[PDB]
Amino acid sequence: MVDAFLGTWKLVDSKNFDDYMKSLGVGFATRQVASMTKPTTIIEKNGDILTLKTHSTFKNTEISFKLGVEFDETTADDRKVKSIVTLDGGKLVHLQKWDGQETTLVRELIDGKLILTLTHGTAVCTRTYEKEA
């Protein structure tokens, strides 16, 4: 069910990421560096456990989770959130909750590219990843 998402992906297009980061309260210097980085995202499974790594010259993260089971997460911008990831309409939907706030990170495959849509407040960011061989 998750298998077309698996692999190594590189950022090749980003729209409105500054808006998204600013909405989350990320400081200007961090937004500035992040606007020029191109992360690599690695998605792997082992049975029911998925591991999602995000690597760059600036920040690295890693999360492991089962679909549909809440997990604690500390995000790249240091929010301590309650997270759940599920498949919805063939999209991989990651919901983060903290302080009564929410943000969604939705991943969808379109023509072999991985489209990540990030929503917080009114900010909507679209980031496109292409698969590494």
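Numbers for residues come from their place in the sequence shown, where the first is 1.
Novice: Mean CA B-factor: is it higher for 109-117 or for 13-21?
Specialist: Per the deposited B-factors, the answer is 109-117.
Novice: Mean C-alpha B-factor higher for 66-74, or for 26-34?
Specialist: The recorded data point to 26-34.
Novice: From the list 41, 51, 57, 96, select the residue with the highest C-alpha B factor recorded in the entry.
Specialist: Highest C-alpha B-factor among the listed residues goes to 57.
Novice: If you rank every modelled residue in this chain by C-alpha B factor, which third holds residue 104: lowest, middle or highest?
Specialist: Middle third by C-alpha B-factor.
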